[PDB]
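Working notes, beginning with the structure itself.
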Amino acid sequence: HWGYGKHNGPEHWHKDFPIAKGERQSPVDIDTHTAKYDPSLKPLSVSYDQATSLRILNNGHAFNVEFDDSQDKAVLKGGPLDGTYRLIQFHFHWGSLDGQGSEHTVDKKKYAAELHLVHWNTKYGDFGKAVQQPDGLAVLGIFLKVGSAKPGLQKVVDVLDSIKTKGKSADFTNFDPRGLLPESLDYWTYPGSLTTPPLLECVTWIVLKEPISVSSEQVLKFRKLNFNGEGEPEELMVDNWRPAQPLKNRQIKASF
Ligand SMILES: O[B-]1(O)OCc2ccc(NC(=S)NCc3ccccc3)cc21
Ligand SMILES: [Zn+2]
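Heads up: the sequence shown is residues 4 to 125, 127 to 260, going by the authors' numbering.
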């Protein structure tokens, strides 16, 4: 199936998922000088106080930290959003080198990784129904640059040994995602899609201007993960990012 290899990577996805060449695909390059400041954009409201993390899983494409989304515990609202969006999971995209790894780029600059906090619109009842709507998901994207260590990321880094291969999972309770946020909530926003198959155009993207800093040791551990399952040839889970797609008929708005 699809992946990030030379034979099944992003350039091949359109064959099984034609929407790959759609009108509102993600990620995109954020041209800071062309983005339009929108004074009507409200401040973001991130309420992760009652977040309930459950487990961490290696799904063969990335590792996801999953949350209990049966109630409005951890939610995103405000900004360009209308309604309440519940946090269901977060994961990252990273490179084989510090010079690449992010999906979105800023003035063509690639960051070492990119965190995606995925939320779905409660007006649609469940995640499955939400992905079928143009405003079904809200994904908060946060860039990672290599520098000082990120304390709030260490609990994640330390459990990676227990989910090295595809299909592995581990309990991951009491993890506070607030420890992954930068100081500033200034952001760019635009309508887009999932960056992985099925590439549905159901995402309101909110990308934070301020990256978080992580250490070389922390990102290096991400690169020790495996795309393959136990008992199969080892394939290092690196460069699980889709390159920037055509902006087409869209305008990126800035909150600042
Ligand atoms: O492209 B991304 O890595 O970035 C942002 C993002 C958000 C959600 C996902 N997909 C999830 S939670 N399930 C897969 C699925 C989705 C829709 C239908 C079937 C199956 C992947 C990504
Ligand atoms: Zn993602």
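Beta carbons: idealized from backbone N, C-alpha and C, even for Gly.
Residue environment, residue i, which counts as buried when at least 16 other CB atoms sit within 10 Å
i: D32; result: buried
i: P21; result: exposed
i: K113; result: buried
i: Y40; result: exposed
i: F260; result: exposed
i: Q255; result: exposed
i: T35; result: exposed
i: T193; result: buried
i: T37; result: exposed
i: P215; result: buried
i: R182; result: exposed
i: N178; result: exposed
i: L47; result: buried
Supposed close pair residue i, residue j - CB separation, criterion 8 Å
i: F70; j: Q92; result: 6 Å
i: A115; j: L164; result: That pair is no contact at about 16 Å.
i: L141; j: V135; result: 7 Å
i: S56; j: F176; result: 5 Å
i: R246; j: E106; result: 6 Å
i: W16; j: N244; result: Not quite, the Cβ-Cβ distance comes to about 13 Å (not below 8 Å), so this is no contact.
i: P201; j: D19; result: 7 Å
Among the options, the one whose alpha carbon lies nearest that of residue i
i: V68; options: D75, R58 and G171; result: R58
i: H119; options: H10, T199 and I256; result: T199
i: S29; options: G151, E221, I210 and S99; result: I210
i: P186; options: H10, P46, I146 and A65; result: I146
i: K252; options: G196, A54, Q222 and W123; result: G196
i: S173; options: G8, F66 and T35; result: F66
i: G171; options: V242, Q255 and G235; result: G235
i: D85; options: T125, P42, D101 and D52; result: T125
i: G8; options: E238, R254, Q249 and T208; result: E238
i: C206; options: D101, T87 and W123; result: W123
i: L60; options: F95, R89, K45 and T87; result: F95
i: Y88; options: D101, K111 and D130; result: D130
i: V161; options: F226, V121 and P201; result: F226
i: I167; options: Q137, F231, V242 and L44; result: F231
i: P250; options: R27, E14 and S217; result: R27
i: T208; options: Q137, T169 and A248; result: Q137
Beta carbon of residue i nearer than 9 Å to that of residue j
i: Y191; j: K159; result: no
i: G25; j: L203; result: yes
i: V109; j: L79; result: no
i: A54; j: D139; result: no
i: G233; j: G82; result: no
i: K228; j: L240; result: yes
i: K154; j: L184; result: yes
i: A77; j: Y51; result: yes
i: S219; j: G151; result: yes
i: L90; j: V121; result: yes
i: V242; j: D101; result: no
Ordered list of alpha helix (DSSP H) runs contained in the stretch 145-203, each at least 4 residues | Those alpha helix (DSSP H) runs which fall completely within the stretch 145-203 and span 4+ residues are 158-163.
What are the start and end residues of each continuous beta strand (DSSP E) run of 3 or more residues lying completely inside the stretch 206-256, in chain order?
-> The stretch 206-256 contains these whole beta strand (DSSP E) runs: 207-212 and 216-218.
Along the chain, which unbroken stretches of the beta strand (DSSP E) at least 3 residues long are found entirely within the stretch 21-70?
-> Fully enclosed beta strand (DSSP E) runs of 3 or longer: 47-50, 56-61 and 66-70.
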